[PDB]
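Some notes on the structure that comes next.
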Amino acid sequence: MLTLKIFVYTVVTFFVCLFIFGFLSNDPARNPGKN
Amino acid sequence: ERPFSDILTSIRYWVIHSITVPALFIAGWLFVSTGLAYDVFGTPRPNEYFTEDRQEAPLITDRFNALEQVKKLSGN
Amino acid sequence: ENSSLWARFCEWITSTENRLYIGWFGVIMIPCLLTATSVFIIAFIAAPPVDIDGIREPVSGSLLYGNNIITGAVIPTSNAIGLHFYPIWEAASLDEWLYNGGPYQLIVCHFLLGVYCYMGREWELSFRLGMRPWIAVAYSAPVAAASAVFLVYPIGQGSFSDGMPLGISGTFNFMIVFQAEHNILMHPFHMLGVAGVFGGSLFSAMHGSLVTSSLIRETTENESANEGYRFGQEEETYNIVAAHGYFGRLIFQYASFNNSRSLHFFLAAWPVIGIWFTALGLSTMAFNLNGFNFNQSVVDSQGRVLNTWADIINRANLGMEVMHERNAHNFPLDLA
Amino acid sequence: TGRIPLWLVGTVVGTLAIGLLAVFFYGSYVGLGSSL
Amino acid sequence: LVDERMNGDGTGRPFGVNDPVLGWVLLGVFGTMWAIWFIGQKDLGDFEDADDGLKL
Amino acid sequence: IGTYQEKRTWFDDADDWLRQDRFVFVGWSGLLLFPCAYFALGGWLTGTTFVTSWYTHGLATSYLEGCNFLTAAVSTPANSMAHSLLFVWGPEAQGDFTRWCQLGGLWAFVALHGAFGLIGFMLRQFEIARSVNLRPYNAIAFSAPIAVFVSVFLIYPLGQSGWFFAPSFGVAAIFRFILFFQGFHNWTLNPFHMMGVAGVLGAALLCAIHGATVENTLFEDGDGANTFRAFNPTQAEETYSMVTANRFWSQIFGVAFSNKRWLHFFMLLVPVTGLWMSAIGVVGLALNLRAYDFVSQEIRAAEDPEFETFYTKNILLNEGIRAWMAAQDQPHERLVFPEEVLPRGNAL
Amino acid sequence: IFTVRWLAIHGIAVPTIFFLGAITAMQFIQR
Amino acid sequence: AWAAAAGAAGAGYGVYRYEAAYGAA
Amino acid sequence: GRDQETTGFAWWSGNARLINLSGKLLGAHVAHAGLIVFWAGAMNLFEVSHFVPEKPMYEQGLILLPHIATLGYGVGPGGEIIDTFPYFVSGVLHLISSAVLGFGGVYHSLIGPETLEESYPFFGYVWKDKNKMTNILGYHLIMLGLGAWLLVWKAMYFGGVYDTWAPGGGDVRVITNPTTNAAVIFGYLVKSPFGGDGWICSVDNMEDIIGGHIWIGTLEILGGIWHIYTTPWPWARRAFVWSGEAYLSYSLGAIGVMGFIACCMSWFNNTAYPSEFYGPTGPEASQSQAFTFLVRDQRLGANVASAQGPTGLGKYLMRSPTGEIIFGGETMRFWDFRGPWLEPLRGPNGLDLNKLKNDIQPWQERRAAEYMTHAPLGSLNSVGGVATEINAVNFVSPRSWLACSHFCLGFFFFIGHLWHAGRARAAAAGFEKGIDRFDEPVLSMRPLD
Ligand SMILES: CCCCCCCCCCCCCCCCCC(=O)OC[C@H](CO[C@@H]1O[C@H](CO[C@H]2O[C@H](CO)[C@H](O)[C@H](O)[C@H]2O)[C@H](O)[C@H](O)[C@H]1O)OC(=O)CCCCCCCCCCCCCCCCC
Ligand code: CLA
Ligand code: CLA
Ligand code: CLA
Ligand code: CLA
Ligand SMILES: CC1=C(/C=C/C(C)=C/C=C/C(C)=C/C=C/C=C(C)/C=C/C=C(C)/C=C/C2=C(C)CCCC2(C)C)C(C)(C)CCC1
Ligand SMILES: CC1=C(/C=C/C(C)=C/C=C/C(C)=C/C=C/C=C(C)/C=C/C=C(C)/C=C/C2=C(C)CCCC2(C)C)C(C)(C)CCC1
Ligand SMILES: CC1=C(\C=C/C(C)=C/C=C/C(C)=C/C=C/C=C(C)/C=C/C=C(C)/C=C/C2=C(C)CCCC2(C)C)C(C)(C)CCC1
Ligand code: OEX
Ligand SMILES: [Cl-]
Ligand SMILES: [Cl-]
Ligand SMILES: [Fe+2]
């Protein structure tokens, strides 16, 4: 069970860190509208 | 002519509808407060639901003889 | 080249040229809603029966345990667990997880976290396509109603066993028990929700028929009228003046919307606001606020109770509550 | 036409419409249908 | 006793860790992907002066 | 007229006065709508205000009795009137108005004038669409509220033992008719109501999506933040980008409309197909042809005392609704249940 | 003035104020 | 451009830029 | 005033006209802050006037008086109300301060300058100035930080606050030893929100509450000084939208979570929301029922340990899924309930039935029987039972009003987040009025998407 828990915490924190650092990687400039 | 906003802002509308409108509200007040609404529609007064014959809900239970039965259920 | 590994990954995640758009909400949504989808289909088909009520009687919900599509359901979590967090790794065996309603809490945690991110990427693609954002605000009304049945009503009642079962006849049990304990029909926010889906079905048929009845003659009688519209044409394929000028004579002239942009806002705002209330009505009854209780309200002289239709609803209400969860209650008050 | 302002009509008529509605909630707690 | 549990159902552990390797999972996966973002930060714009956001 | 020039009779002098473009359109249908629809609304507002239900039902249903908006109703006649039309000149009422109200005949006043009101309103929108020279799709959509009204208020009590089991015209009175169909007919389980939910609750989705997809793919045709001002209904171009709307949903939901005419007909189709199917299920319940039981799961749950599904929970809840309301829901049966014979769980 | 627009409103508005006078007196009927 | 009340100065044309061809709003 | 064609906002979105009008926007907030203080003055005195001492505080529909009672003004041992005049001073000092806030709110909305940028440069601000925005953010954290020290000073020095877990029954207790341990204070924050954890809604004593407000007081004084002397770093320029509607939407998503937290705080917690004042919780009233019929049936000659239920689990005492002796019935779901009347009967291994067959105190069965008939179920017209209950009592628990109002307010302000964060991100991008119709960006994309 602990092998499953370590695996899920690698998996979930992989996708949560994709979420967080994705919006830190200049999301508001990824618009088609120019200023 | 007269598109629903020169009527409500006109004073001749309110020299009519400040007299007929309250006298019609009072006419509705007096239709019930004189007890006439209990007589026209046959709704029982709060002292008329239970006679001394029955102390239960009425039950009509008869089709063609219901007219004189509801007179006996009401107590008239 | 100049672009890093992370930068070429960001230009692929936020790429509008994918077939299904991903976005940064889709790196949460896709592995969540493929987790909950895969464990839904396996548990709808092959899950062993579940002690929903915590009283050590199991309830079957699987196709392989004698159920059909109507009566099959993924059974909610055990009442002994309550609001406790019960993943697979907190069980001893995998069969103990299956016995105690473990699959339900794994579906519901990934489904709710997936529809919060489905709402997030409906925003995100609107921002990537240069759109105005609030399709996500419209989808927040089925999100809130999904959040009410699977999260908030379990939080208020203190167990995921009071959450909605993941099935057709399990939903019906959830509705019938809800009306006995909370009187949802007599609650105004459910009344507004019915007005949102009856109005939203009226207005879908109303707006849907006035546009269909105002189509410009473009095709013959040997081909459908849907051929007269071309995808990407810039002219406007029906007559809004003839549609407005028809509903004007139908009831009143100023009771219509001559503004098609104002028409489509009201067309969006009537279901969404109505479902916003019935999602909150369900969430206020989660905390046991309950529906209107007009029982023994009409009393004549000499202090005697005249029945009403609410007293007949109560006779239907208290028939369900003396029979729901029929072995759970040791004590006379269903406070849980 | 314009002898009385429309906003003062809509204020006053709206006030005794909200005032009449408050009588319907007052009468819901006393008298008939008050459960007492 | 009868079986083997992890025994963390209502214990209130920080981020739900009870083996210390779970905390290094949290810091390893965050730290690996902070470092990929940090090295890749040269392609995101140098928003160095003060008026350099998406503003209105 | 008629490209042969006859002389106008009194019909043509009546046809052009009825088909007049005044403030409210009367038309030929208005000789049927406006007398009937005013007396359905007038009968409902009078019956909920003054008319008792103490004799037909044994329970108070008017404002003068003590009821509010939720619990007042125009209640159905007793089960002793069978399907009597309860004309005020009928053999039951016999001219007396104050007993016709007590006999629940004012229910059938509202139900019949409401039924011929719906015919008058549906003929109204054939008549206007022929004046405006449009297509008649507004009327064809209103076949589905007439399919719901006739199958529930008229067809359903004709198959039952009387007009008693009709819905009464009220808020809490509809609610027991709803709870009557769960307890007695298991009407959630009926697959025609399931197609009725998916039509009604799927048209609410299409109303909210098409409203929000239009309002969020609008063209910038104005300068200010009020986007409602940037529209004139005599414009020839679309006010919102259908191409952006298609690409949005083809990437969110995977499947989008590309045809604007098919979209608005699909918004027409879903609530009408949903209500016509649910009307067939109420036709089936008039004869008590219920989808009550799955017999393969009743045989198993009676031969196996540990086989519990959410279905068998629903069957037990319907036994609770049936026995606990029918001493008061059906007073004509005059059934008294001693408290030990009604079903009962543990400690409730 | 007896027109169609006059008979439309006063078919609705005249009994509405009559019943609103009736329903208001029902709030003060005690028993 | 007249710089409306939430920032975001208007892109040239006024309210309903099809008033030249249609005449109303 | 102002109209539409000079702004582009209709009457129904006309507070959006004063986005870039700094002085009018100031009077908008100060007059609104007058209303929050006016409601808090008026609804306090409404609850003082309608307070009846021979009834519980939670029975009377009082939601503001339990907050002043939790501070310990005018309460005695066991939740008995000594005097009502401390609740009266709190009502007047808000009702008088609301006129002062109402005056300057009406002042800056009518007479004061429209934009206070050129005349009063200290108060002036442009929304895109990231230094001035953090400067105003730092000023208000110091106000929130010093406000959090008011609770600590009132608990440590100014009479104390009400401790419902006090030895000898609940009364006002000076919190001499607040918990400043960072492993305990920041252990609530990283705790799971689920059953047996309850994130920060399980804070079980007042020493963690007051010691936690030491931490939130110092960090906001330090975090206020941090934002006065810094500007946001370039990674924060990269992530945020720097408009005034963005800063609103940031606050709307933060405050919509806080409405959800205080929803579950008042529903579950009985330490910061004492049950003498707010009534029993959902878990408390359901556990009180099983305790009431356990004492009812010991006196009627029945071994409540050996008593088997109809399911075979145990009618009165069963075992928790982690092995604690708990109450049986459908209240097995609320086994992780702790209460100050119940915890005297509870040993290590769950409840102690030796302690529970011999040492049930008469005050515990007084209080648990009170909580059973004041369960937080009611109706919308304040009836007070299950939905199958007649019009007998007049009761909805304050916990049932506090949680239901603040889930709805917390839900709409999450919707207000989704509205304004979508709009401010799109209005800063330029396409909040619509598609440009000349360069539609879908038309420059490859089809079969
Ligand atoms: C039970 C325990 C559970 C776990 C604990 C849970 C709680 C954890 C909460 C901790 C707090 C998290 C807050 C992080 C904020 C990050 C914000 C950010 O986006 O931060 C952004 C900033 C950006 O910084 C700036 O980034 C710039 C980028 O430059 C690049 O680009 C420039 C042009 O733009 C130039 O070209 C330049 O040459 C080029 O280098 C510059 O380099 C600047 O010098 C630099 O200051 O980052 C910074 O300030 C520093 C960021 C903070 C440090 C991050 C450390 C991460 C973990 C490390 C340990 C890993 C362990 C691995 C174990 C392995 C074995 C398993
Ligand atoms: C909390 C609510 C609140 C507050 C504080 C404000 C405040 C403001 N609004 Mg907004 N507004 C609100 C709600 C609010 N509004 C709502 C609900 C709507 C929708 C109906 C609007 C719609 C709206 C529009 C359409 C506009 C404003 C504008 C304004 C500003 C100018 C006011 C003005 O010129 O009025 C003048 C009006 C009066 C003087 C009438 C008298 C009202 C007074 C102030 C009442 C005071 C009573 C009080 C008891 C006095 C106590 C005094 C004290 C000594 C005790 C002002 C800052 C305008 C703006 O943006 O300015 C640029 C504008 O155009 N508002
Ligand atoms: C949000 C916080 C909050 C909370 C938790 C409570 C809770 C309570 N209040 Mg307090 N109150 C509040 C805000 C709050 N109130 C406000 C803002 C005011 C000023 C108006 C008052 C004024 C007040 C008075 C004067 C009294 C109370 C009373 C009460 C008690 C019973 C209330 C009741 O029966 O409601 C019944 C339920 C409702 C009214 C439902 C509210 C739903 C609203 C109206 C939204 C409806 C949706 C609708 C579609 C939107 C309308 C707009 C649309 C038409 C455009 C209860 C303890 C009573 C009490 O116990 O006194 C001791 C009492 O006499 N309250
Ligand atoms: C009203 C409160 C408030 C507000 C609005 C801000 C706003 C801001 N702060 Mg300030 N700050 C505050 C209070 C506040 N601060 C206080 C009280 C302190 C002292 C502790 C600080 C100390 C501080 C520093 C030292 C810095 C900021 C910075 C910033 C900026 C970016 C923050 C950001 O993107 O975080 C994003 C947050 C993350 C990426 C962290 C991940 C969050 C996830 C959810 C995990 C959180 C785990 C954590 C333990 C909490 C767990 C519980 C949680 C689930 C509820 C922004 C201007 C930065 C800046 O530019 O300032 C110059 C910066 O460097 N703040
Ligand atoms: C503190 C929070 C806050 C603040 C400062 C603002 C500020 C603003 N909003 Mg936002 N908004 C918020 C919260 C907030 N909003 C929330 C929570 C929602 C979701 C419901 C919205 C949804 C929203 C929309 C949809 C729009 C704005 C708009 C605006 C602007 C003008 C609004 C105006 O003049 O109102 C005028 C006020 C009225 C017309 C009266 C509305 C009253 C309603 C019916 C509620 C009545 C109160 C009732 C008792 C509550 C019942 C619910 C209860 C059960 C909880 C302004 C920038 C507008 C804009 O220009 O965007 C920039 C706009 O279109 N807001
Ligand atoms: C801008 C504006 C607005 C707003 C306004 C406001 C919001 C205001 C506020 C205001 C306020 C906020 C006010 C307040 C006031 C207060 C006062 C004036 C008070 C006084 C007090 C008193 C008088 C007291 C008394 C007493 C005592 C002492 C004790 C005993 C009891 C008694 C009560 C007797 C509006 C929306 C309209 C619109 C637009 C414009
Ligand atoms: C008083 C008290 C206490 C204490 C408390 C404390 C100390 C608190 C603190 C707290 C905290 C300390 C909190 C925090 C929070 C945070 C958060 C909540 C975050 C958020 C984040 C965000 C929002 C982000 C977003 C994003 C991303 C994702 C990335 C970047 C960018 C963006 C924006 C996009 C206790 C409990 C002991 C007891 C009771 C009382
Ligand atoms: C039946 C009948 C009859 C008689 C008579 C009639 C037909 C009458 C009508 C009547 C009517 C036609 C009435 C009406 C009424 C109405 C009403 C009663 C209304 C009320 C309303 C209300 C109550 C409202 C309230 C409110 C709301 C909710 C909204 C707005 C605002 C307010 C708050 C105001 C005949 C001879 C034919 C034959 C036999 C049978
Ligand atoms: O979880 Mn599903 O339903 Ca809320 O009440 Mn007690 O717990 Mn159970 O019974 Mn009735
Ligand atoms: Cl059940
Ligand atoms: Cl129980
Ligand atoms: Fe459309």
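For the numbers below, each heavy atom of this structure counts, side chains included, while hydrogens, waters and symmetry mates do not. The sequence lines fix the lettering, A, B, ..., with proteins before strands; numbering per chain opens at 1.
By the 4.5 Å heavy-atom criterion applied to side chains, C:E57 and F:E306 are not counted as neighbours. You'll find the side chain of F:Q235 stays beyond 4.5 Å of the side chain of C:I240, heavy atoms only. Two residues are said to be in side-chain contact when any heavy atoms from C-beta on lie closer than 4.5 Å; C:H264 and F:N216 fail this criterion. Inter-residue side-chain proximity for F:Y240 and C:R261 is flagged as unmet; no heavy-atom pair is nearer than 4.5 Å. Looking only at side-chain heavy atoms (C-beta outward), F:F248 and C:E122 come within less than 4.5 Å of each other. For the pair F:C207/C:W270, no side-chain contact is recorded, criterion being any heavy-atom separation below 4.5 Å from C-beta on. C:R315 places none of its side-chain heavy atoms less than 4.5 Å from the side chain of F:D329. Residues C:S214 and F:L134 form a side-chain contact, since some pair of their non-hydrogen atoms from C-beta on lies under 4.5 Å apart.
Looking at C:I275, there are no atoms closer than 4.5 Å to chain F (heavy atoms on both sides), in backbone or side chain. The contact between F:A230 and chain C is made by backbone and side chain atoms together, counting heavy-atom distances below 4.5 Å. Heavy atoms of C:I184 lying under 4.5 Å from chain F are absent altogether. Contacts of C:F25 with chain F are absent, with no heavy-atom separation under 4.5 Å from either backbone or side chain. The part of F:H57 that comes within reach of chain C is its side chain, from C-beta onward, which places non-hydrogen atoms under 4.5 angstrom from that chain. For C:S297, no part sits under 4.5 Å from any heavy atom of chain F, backbone or side chain. Contact of F:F266 with chain C is not made at all, since no heavy-atom distance falls under 4.5 Å. Contact annotation for C:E235: both backbone and side-chain heavy atoms come within less than 4.5 Å of a heavy atom of chain F. With a 4.5 Å cut-off on non-hydrogen atoms, F:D21 touches chain C through its side chain but not through its backbone. Neither the backbone nor the side chain of F:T312 comes within less than 4.5 Å of any heavy atom in chain C. In this structure, the portions of F:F219 lying under 4.5 Å from any heavy atom of chain C include both its backbone and its side chain. Using a 4.5 Å cut-off between heavy atoms, F:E237 contacts chain C through both its backbone and its side chain. Residue F:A323: no heavy atom, backbone or side chain, is found under 4.5 Å from chain C. The contact between C:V59 and chain F is made by backbone and side chain atoms together, counting heavy-atom distances below 4.5 Å. F:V200 touches chain C through backbone and side chain together, each having a heavy atom under 4.5 Å away. Looking at C:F266, neither its backbone nor its side chain comes within 4.5 Å of chain F, counting heavy atoms on both sides. Contacts between C:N68 and chain F at a heavy-atom distance below 4.5 Å involve backbone atoms as well as side-chain atoms. In this structure, no portion of F:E127 lies under 4.5 Å from any heavy atom of chain C. Contacts between F:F307 and chain C at a heavy-atom distance below 4.5 Å involve the side chain alone, from C-beta outward. For F:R247, the parts lying near chain C are the backbone and the side chain together; criterion is any non-hydrogen pair under 4.5 Å. Neither the backbone nor the side chain of F:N133 comes within contact range of chain C; no heavy atom of the residue lies under 4.5 Å from a heavy atom of that chain. In this structure, chain F has heavy atoms under 4.5 Å from both the backbone and the side chain of C:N259. Contacts of C:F172 with chain F are made by both backbone and side-chain atoms, with heavy-atom separations under 4.5 Å. Using a 4.5 Å cut-off between heavy atoms, C:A310 contacts chain F through both its backbone and its side chain. At a 4.5 Å heavy-atom cutoff, the contact between C:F292 and chain F is made by side-chain atoms alone. In this structure, chain F has heavy atoms under 4.5 Å from both the backbone and the side chain of C:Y229. Proximity to chain C (any heavy atom under 4.5 Å) is shown, for F:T244, by both the backbone and the side chain. Only the backbone of C:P58 comes within contact range of chain F, with at least one heavy atom under 4.5 Å from a heavy atom of that chain.
Closest heavy-atom contact between F:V24 and C:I251: CG2-O, 4.3 Å. Residues C:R19 and F:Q251 share a closest heavy-atom pair of O-CG, 3.3 Å. Heavy atoms only, all atoms of each residue included: C:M323 and F:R344 are closest at SD-N, 3.3 Å. Here the closest heavy-atom approach between residue F:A204 and residue C:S201 is recorded as N-OG, 4.0 Å. Scanning all heavy atoms of the two residues, the minimum distance from F:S258 to C:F231 falls at O-CD1, 3.2 Å. The minimum heavy-atom distance linking F:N138 with C:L250 is given by the pair ND2-CD2, 3.4 Å.
Of the listed residues F:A141, F:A327, F:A139, F:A173, the one with more heavy-atom pairs under 4.5 angstrom with chain C than any other is F:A173. The greatest number of non-hydrogen atom pairs below 4.5 Å with chain C, out of F:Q328, F:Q297, F:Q125, is found for F:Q297. Among F:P145, F:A60, F:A73, the residue making the largest number of heavy-atom pairs under 4.5 Å with chain C is F:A60. Put simply, of F:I321, F:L317, F:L189, F:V272, the one with the most heavy-atom pairs under 4.5 Å next to chain C is F:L317. Heavy-atom pairs under 4.5 Å with chain F were tallied for C:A73, C:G232, C:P165; the largest tally goes to C:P165. Listed options F:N259, F:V243, F:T71 were ranked by heavy-atom pairs under 4.5 angstrom with chain C; first place goes to F:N259. Of the listed residues C:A328, C:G245, C:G208, C:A269, the one with more heavy-atom pairs under 4.5 angstrom with chain F than any other is C:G208.
For the atom pair F:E308 CD and C:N327 CG, the distance stands at 8.0 Å (nearest 0.5 Å). The CG atom of F:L268 lies 6.0 Å from the OG atom of C:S209; values are rounded to the nearest 0.5 Å. From F:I128, atom CD1 reaches atom CZ of C:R249 across 9.0 Å, with rounding to the nearest 0.5 Å. Distance CG/F:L205 to OH/C:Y139: 10.0 Å, rounded to 0.5 Å.
Below 30°, between 30° and 60°, or above 60°: for C:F265 and F:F228 the angle between ring planes is above 60°, a perpendicular geometry.
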request  = Might you work through the side-chain contact (heavy atoms from CB on, under 4.5 Å) test for C:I135 and F:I252, ending with a clear yes or no?
outcome  = CA-CA 11 Å; C:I135 290 172; F:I252 295 298; over 6 Å; no
task = Start with the C-alpha distance between C:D53 and F:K313, add both sets of side-chain angles, then the distance that settles salt bridge (charged side-chain N to carboxylate O under 4.0 Å, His left out), and finish with yes or no.
result = CA-CA 12 Å; C:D53 197 74; F:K313 292 179 179 291; 5.7 Å; no
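The environment of CZ in F:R22 is crowded: more than 12 heavy-atom neighbours from other residues, nucleotides or ligands sit within 6.0 Å. Residue-environment remark: CZ (F:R135) exceeds the threshold of 12 foreign heavy atoms within 6.0 Å.
At a threshold of 4.0 Å, the pair F:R261-C:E218 does not count as salt-bridged, since none of the basic side-chain nitrogens sits closer than that to a carboxylate oxygen.
A side-chain donor-acceptor contact under 3.5 Å links C:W309 and F:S75.
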